[PDB]
Amino acid sequence: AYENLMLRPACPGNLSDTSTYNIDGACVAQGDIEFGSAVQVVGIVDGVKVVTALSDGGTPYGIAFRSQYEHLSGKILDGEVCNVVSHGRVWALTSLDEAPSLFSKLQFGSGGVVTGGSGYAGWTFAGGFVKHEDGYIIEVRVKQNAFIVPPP
Amino acid sequence: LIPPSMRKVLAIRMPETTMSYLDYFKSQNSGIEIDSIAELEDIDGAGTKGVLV
């Protein structure tokens with residue numbers, strides 16, 4: 001990336017390939033959510049889902065999507081409708097420096113940022129690793145019905 | 001075609017003339033046209049840097 005290239009490779013929170021994607025449009029935000037980073041489903045009120053940034057003890061649901069009409073501030077603010085990529089292939093945010101093994105199940109922590117691989121169940125790492133600002137961007141192959149919330 | 005570092009190399013004035021290394025080569029034959037291509041800083045996997053005439 002960076003110099004010696006006419007175009008920057010990719011930007012976080014955007015789809016990479018046009019292959020069987022699904023975007024939910026009936027969602028509401030509880031706190032400030034940044035593009036990329038997994039989200040939870042706190043509850044459902046009259047059909048819509050109230051999504052929050054990932055926290056401890058919560059199963060991720062999807063990755064936030066970038067729209068240039070809904071959000072005119074560079075991030076999703078409180079009390080704003082948002083799009084969530086429930087299924088597809090999207091660029092996410094990571095706190096890594098080296099690309100993991102191919103088709104390895106990623107792990108999420110902190111505010112929905114990827115901390116490492118070598119998981120047991122969940123989404124997988126596609127082929128992609130680019131540099132962004134001060135850090136890297138990872139490509140995540142989101143699949144629906146991947147994380148099952150544990151029984152109490 | 002040169003990488004954009006050899007342009008820095010060939011910008012020095014010649015020891016005791018009134019021309020730079022980038023102009024004497026430009027003044028030969030009828031006219032030579034030097035420009036810098038960015039992809040020539042990596043021709044193989046690691047790096048070699050190349051020039052085409």
# chains A, B, ... in the order shown; residues from 1 in each chain; ligands from 1

call {"tool": "closest_atom_pairs", "arguments": {"of": "chain B", "to": "chain A", "cutoff": "12 Å", "atoms": "only C-alpha atoms", "output": "CSV"}}
result
residue,atom,partner,partner_atom,distance
B:3,CA,A:4,CA,10.7
B:4,CA,A:4,CA,10.1
B:36,CA,A:4,CA,11.6
B:37,CA,A:4,CA,9.3
B:38,CA,A:4,CA,5.6
B:39,CA,A:4,CA,6.7
B:40,CA,A:4,CA,9.5
B:41,CA,A:4,CA,8.6
B:42,CA,A:4,CA,9.7

call {"tool": "write_last_selection", "arguments": {"atoms": "C-alpha atoms", "output": "compact mmCIF listing (two decimals), in the first residue's frame"}}
result
# COMPACT_ATOMS: atom_id res chain seq x y z
CA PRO B 3 13.24 5.05 -11.05
CA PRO B 4 12.50 8.21 -9.03
CA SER B 36 10.38 8.53 -13.99
CA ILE B 37 8.26 5.40 -13.64
CA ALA B 38 7.30 4.30 -10.12
CA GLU B 39 7.02 0.56 -10.85
CA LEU B 40 10.75 0.32 -11.68
CA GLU B 41 11.77 0.32 -8.00
CA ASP B 42 10.75 -3.36 -7.77

call {"tool": "select_by_dssp", "arguments": {"residues": "region 6-145 of chain A", "states": "strand (DSSP E or B)", "output": "short mmCIF file (atom, residue, chain, number, x, y, z; two decimals) with C-alpha atoms, in the first residue's frame"}}
result
data_model
loop_
_atom_site.label_atom_id
_atom_site.label_comp_id
_atom_site.auth_asym_id
_atom_site.auth_seq_id
_atom_site.Cartn_x
_atom_site.Cartn_y
_atom_site.Cartn_z
CA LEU A 15 -17.31 -4.92 1.13
CA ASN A 22 -26.57 -9.77 3.14
CA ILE A 23 -27.13 -6.36 4.76
CA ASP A 24 -29.64 -5.74 7.54
CA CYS A 27 -31.07 -1.64 13.20
CA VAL A 28 -30.62 1.06 15.84
CA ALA A 29 -27.42 2.14 17.59
CA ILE A 33 -19.97 2.69 16.61
CA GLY A 36 -15.58 -2.16 11.05
CA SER A 37 -15.66 -3.87 14.45
CA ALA A 38 -18.21 -6.52 15.40
CA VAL A 39 -21.51 -5.67 17.11
CA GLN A 40 -23.92 -7.41 19.49
CA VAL A 41 -27.72 -7.61 19.58
CA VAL A 42 -28.87 -6.27 22.96
CA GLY A 43 -32.57 -6.66 22.22
CA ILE A 44 -35.35 -6.38 19.67
CA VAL A 45 -37.97 -3.63 19.96
CA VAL A 48 -35.71 -3.59 14.85
CA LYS A 49 -32.47 -4.68 16.53
CA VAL A 50 -30.58 -2.52 19.03
CA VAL A 51 -26.89 -3.12 18.27
CA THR A 52 -23.90 -2.10 20.39
CA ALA A 53 -20.14 -2.31 20.08
CA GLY A 62 -22.03 -8.60 12.17
CA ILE A 63 -19.68 -5.89 10.94
CA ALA A 64 -20.73 -2.26 10.61
CA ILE A 76 -22.26 5.91 13.60
CA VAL A 81 -30.15 3.71 12.09
CA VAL A 84 -24.85 -4.32 9.48
CA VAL A 85 -23.22 -6.93 7.25
CA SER A 86 -24.75 -10.10 8.66
CA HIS A 87 -23.29 -12.16 5.82
CA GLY A 88 -20.63 -11.61 3.17
CA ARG A 89 -16.97 -10.65 2.87
CA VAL A 90 -15.97 -7.35 4.49
CA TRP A 91 -12.81 -5.47 5.53
CA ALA A 92 -12.53 -5.34 9.32
CA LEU A 93 -10.23 -3.72 11.91
CA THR A 94 -7.41 -5.66 13.54
CA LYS A 105 -10.94 -18.81 12.54
CA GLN A 107 -11.01 -14.09 17.46
CA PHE A 108 -12.49 -10.74 18.50
CA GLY A 109 -11.86 -8.59 21.55
CA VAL A 113 -11.15 -5.42 16.81
CA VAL A 114 -9.48 -8.69 15.86
CA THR A 115 -6.83 -9.70 18.40
CA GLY A 116 -5.67 -13.03 16.99
CA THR A 124 -12.68 -17.27 8.91
CA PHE A 125 -9.76 -15.27 7.54
CA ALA A 126 -9.91 -14.76 3.79
CA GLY A 127 -6.95 -13.76 1.65
CA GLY A 128 -6.22 -10.13 2.42
CA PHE A 129 -3.93 -7.97 4.56
CA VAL A 130 -3.33 -4.26 3.93
CA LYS A 131 -1.77 -1.36 5.87
CA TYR A 136 -3.37 -3.10 9.35
CA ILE A 137 -6.74 -4.17 7.96
CA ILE A 138 -7.90 -7.78 7.79
CA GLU A 139 -10.51 -9.38 5.51
CA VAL A 140 -13.20 -11.40 7.28
CA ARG A 141 -15.50 -13.99 5.68
CA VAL A 142 -18.73 -13.41 7.61
#

call {"tool": "closest_residue", "arguments": {"among": "A:121, A:72, A:77, A:54", "to": "residue 31 (chain A)", "atoms": "only C-alpha atoms"}}
result
A:77

call {"tool": "decode", "arguments": {"residues": "region 43-88 of chain A", "atoms": "N, CA and C atoms", "output": "compact mmCIF listing (two decimals), in the first residue's frame"}}
result
# COMPACT_ATOMS: atom_id res chain seq x y z
N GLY A 43 -31.17 -6.28 22.18
CA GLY A 43 -32.57 -6.66 22.22
C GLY A 43 -33.27 -6.24 20.95
N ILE A 44 -34.52 -6.68 20.83
CA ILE A 44 -35.35 -6.38 19.67
C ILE A 44 -36.59 -5.63 20.16
N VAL A 45 -36.81 -4.44 19.61
CA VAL A 45 -37.97 -3.63 19.96
C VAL A 45 -38.79 -3.42 18.68
N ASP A 46 -39.98 -4.01 18.66
CA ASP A 46 -40.93 -3.87 17.55
C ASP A 46 -40.25 -4.13 16.21
N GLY A 47 -39.51 -5.23 16.14
CA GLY A 47 -38.92 -5.64 14.88
C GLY A 47 -37.47 -5.26 14.66
N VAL A 48 -37.07 -4.06 15.08
CA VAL A 48 -35.71 -3.59 14.85
C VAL A 48 -34.78 -4.12 15.93
N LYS A 49 -33.49 -4.16 15.63
CA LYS A 49 -32.47 -4.68 16.53
C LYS A 49 -31.62 -3.54 17.07
N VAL A 50 -31.39 -3.54 18.38
CA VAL A 50 -30.58 -2.52 19.03
C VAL A 50 -29.17 -3.08 19.17
N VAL A 51 -28.25 -2.59 18.34
CA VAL A 51 -26.89 -3.12 18.27
C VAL A 51 -25.94 -2.21 19.03
N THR A 52 -24.93 -2.82 19.66
CA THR A 52 -23.90 -2.10 20.39
C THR A 52 -22.54 -2.61 19.97
N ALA A 53 -21.50 -1.84 20.31
CA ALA A 53 -20.14 -2.31 20.08
C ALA A 53 -19.86 -3.53 20.94
N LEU A 54 -18.97 -4.39 20.44
CA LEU A 54 -18.70 -5.65 21.12
C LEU A 54 -18.10 -5.40 22.50
N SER A 55 -18.47 -6.26 23.46
CA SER A 55 -18.02 -6.11 24.84
C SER A 55 -17.62 -7.49 25.33
N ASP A 56 -17.38 -7.66 26.63
CA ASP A 56 -16.95 -8.93 27.19
C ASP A 56 -18.16 -9.83 27.41
N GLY A 57 -18.04 -11.09 27.01
CA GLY A 57 -19.13 -12.03 27.19
C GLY A 57 -20.27 -11.87 26.21
N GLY A 58 -19.99 -11.39 25.01
CA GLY A 58 -21.02 -11.21 24.00
C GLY A 58 -20.60 -11.81 22.68
N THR A 59 -21.54 -12.48 22.03
CA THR A 59 -21.26 -13.12 20.75
C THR A 59 -21.41 -12.11 19.62
N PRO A 60 -20.40 -11.96 18.76
CA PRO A 60 -20.53 -11.02 17.64
C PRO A 60 -21.62 -11.45 16.67
N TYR A 61 -22.23 -10.45 16.03
CA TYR A 61 -23.32 -10.68 15.08
C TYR A 61 -22.97 -10.25 13.67
N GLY A 62 -22.39 -9.07 13.49
CA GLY A 62 -22.03 -8.60 12.17
C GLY A 62 -21.04 -7.46 12.25
N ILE A 63 -20.65 -6.97 11.08
CA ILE A 63 -19.68 -5.89 10.94
C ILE A 63 -20.40 -4.66 10.42
N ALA A 64 -20.11 -3.51 11.03
CA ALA A 64 -20.73 -2.26 10.61
C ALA A 64 -20.33 -1.91 9.18
N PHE A 65 -21.27 -1.29 8.46
CA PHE A 65 -21.11 -0.97 7.06
C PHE A 65 -21.03 0.54 6.87
N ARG A 66 -20.29 0.96 5.85
CA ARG A 66 -20.06 2.37 5.56
C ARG A 66 -21.05 2.86 4.51
N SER A 67 -21.86 3.84 4.89
CA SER A 67 -22.77 4.51 3.97
C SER A 67 -22.48 6.00 3.99
N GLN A 68 -22.43 6.62 2.81
CA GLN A 68 -22.04 8.01 2.68
C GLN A 68 -23.22 8.97 2.71
N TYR A 69 -24.44 8.46 2.91
CA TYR A 69 -25.62 9.29 3.07
C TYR A 69 -26.16 9.27 4.49
N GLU A 70 -26.19 8.10 5.12
CA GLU A 70 -26.76 8.01 6.46
C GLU A 70 -25.89 8.73 7.49
N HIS A 71 -24.58 8.48 7.45
CA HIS A 71 -23.66 8.97 8.46
C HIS A 71 -22.72 9.99 7.82
N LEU A 72 -22.88 11.26 8.19
CA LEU A 72 -22.10 12.35 7.64
C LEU A 72 -21.04 12.85 8.61
N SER A 73 -20.60 11.99 9.53
CA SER A 73 -19.62 12.38 10.53
C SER A 73 -18.45 11.41 10.66
N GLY A 74 -18.35 10.41 9.78
CA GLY A 74 -17.26 9.45 9.84
C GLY A 74 -17.47 8.31 10.81
N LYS A 75 -18.59 8.28 11.52
CA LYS A 75 -18.88 7.20 12.46
C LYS A 75 -20.39 7.17 12.70
N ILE A 76 -20.85 6.08 13.28
CA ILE A 76 -22.26 5.91 13.60
C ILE A 76 -22.50 6.44 15.01
N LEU A 77 -23.38 7.43 15.13
CA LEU A 77 -23.66 8.07 16.40
C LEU A 77 -24.83 7.38 17.10
N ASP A 78 -25.07 7.80 18.34
CA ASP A 78 -26.14 7.23 19.14
C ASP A 78 -27.50 7.59 18.56
N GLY A 79 -28.44 6.65 18.65
CA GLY A 79 -29.79 6.88 18.17
C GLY A 79 -29.88 7.07 16.67
N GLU A 80 -29.06 6.35 15.90
CA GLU A 80 -29.04 6.45 14.45
C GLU A 80 -29.19 5.07 13.85
N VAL A 81 -30.01 4.97 12.80
CA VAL A 81 -30.15 3.71 12.09
C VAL A 81 -28.86 3.40 11.35
N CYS A 82 -28.56 2.11 11.19
CA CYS A 82 -27.29 1.70 10.61
C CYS A 82 -27.46 0.38 9.86
N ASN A 83 -26.51 0.11 8.97
CA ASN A 83 -26.47 -1.12 8.20
C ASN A 83 -25.40 -2.04 8.76
N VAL A 84 -25.74 -3.32 8.90
CA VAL A 84 -24.85 -4.32 9.48
C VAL A 84 -24.70 -5.47 8.50
N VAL A 85 -23.47 -5.84 8.18
CA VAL A 85 -23.22 -6.93 7.25
C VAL A 85 -23.33 -8.27 7.96
N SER A 86 -24.54 -8.82 8.00
CA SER A 86 -24.75 -10.10 8.66
C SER A 86 -24.03 -11.23 7.93
N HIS A 87 -23.97 -11.14 6.61
CA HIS A 87 -23.29 -12.16 5.82
C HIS A 87 -22.56 -11.56 4.63
N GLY A 88 -21.40 -12.11 4.29
CA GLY A 88 -20.63 -11.61 3.17
C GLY A 88 -19.16 -11.60 3.49
